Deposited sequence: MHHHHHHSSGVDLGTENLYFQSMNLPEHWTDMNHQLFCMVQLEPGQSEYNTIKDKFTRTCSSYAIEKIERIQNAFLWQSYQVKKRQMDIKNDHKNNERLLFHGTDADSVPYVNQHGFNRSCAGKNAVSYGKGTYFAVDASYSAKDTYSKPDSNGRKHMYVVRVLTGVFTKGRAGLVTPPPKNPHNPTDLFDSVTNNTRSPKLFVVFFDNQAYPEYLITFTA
């Protein structure tokens, strides 16, 4: 059930597709970035077409939509990474086993591109190029995180196995989300950009 906006993959299961500047898809993703990163130069935006990651992610989305009994479980967030991690993320997605972990030992996603644009996350390579993903994240029902969490807290210490889906720095005005399970995040676009 590979999405409409994807382009033909000649019966293959992984492709990185460079977007055409000035077309609708590129414009939409560029505007999400330039909201907080207008001072950075975009070199390119690639659509990540990973059939296996998409399938595993869509299964978790369907499960979370059933469990939470509504469909506002997904957010579009940013993740900055070093050039050496890009091949792994494109192929395997986000791995909590692989920077600070103040809100728990999971994968960190930013509301604002400006946060992911810090050199500590999007480490400039030899040539000065920085890399940031636009990520579909199943944030679901979230609570405030804390150091040392290995999973989100229970929604009620009466039923200790019924968990929040993610944690955040601030529930009223979140700027980051942490997820603690594989396939709760789909890397959708990779932005290559410079300071």
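Unmodelled regions of the deposited chain sequence (numbering from residue 1, in sequence order): 1 to 23, 122 to 124.
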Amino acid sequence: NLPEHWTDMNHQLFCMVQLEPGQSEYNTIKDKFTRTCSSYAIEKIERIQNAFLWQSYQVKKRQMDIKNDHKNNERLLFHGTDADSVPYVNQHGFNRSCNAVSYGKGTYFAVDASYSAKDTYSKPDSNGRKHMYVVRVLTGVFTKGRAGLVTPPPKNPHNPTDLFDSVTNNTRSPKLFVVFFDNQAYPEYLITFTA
From here on, numbers count along this sequence of modelled residues.
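Throughout, rigid core stands for the largest set of C-alpha atoms superposing within 1.5 Å between the two forms.
In a rigid core superposition of the other structures in 8 other deposited structures of this protein, 159 to 167 and 63 to 71 differ in how far their CA atoms stray, and the farther one is 63 to 71. In terms of root mean square C-alpha deviation after superposing on the rigid core in 8 other deposited structures of this protein, the stretch standing farther out between 171 to 179 and 16 to 24 is 16 to 24.
Remark: stretch with higher mean C-alpha B factor among 35 to 43 and 123 to 131 is 123 to 131.
Legend: mean Cα B-factor per stretch from the PDB entry, 68 to 76 versus 89 to 97; the higher mean is in 68 to 76.
By the numbers in the PDB entry, the CA B factor is greatest at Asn156 among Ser56, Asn156, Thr139, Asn169. In the PDB entry, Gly22 places in the highest third of its chain by CA B-factor. In the deposited entry, the Cα temperature factor of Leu13 places it in the highest third of its chain's modelled residues.
In the deposited entry, the Cα temperature factor of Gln49 places it in the lowest third of its chain's modelled residues. Per the PDB record, residue ranking by Cα B-factor puts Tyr189 in the lowest third of the chain.
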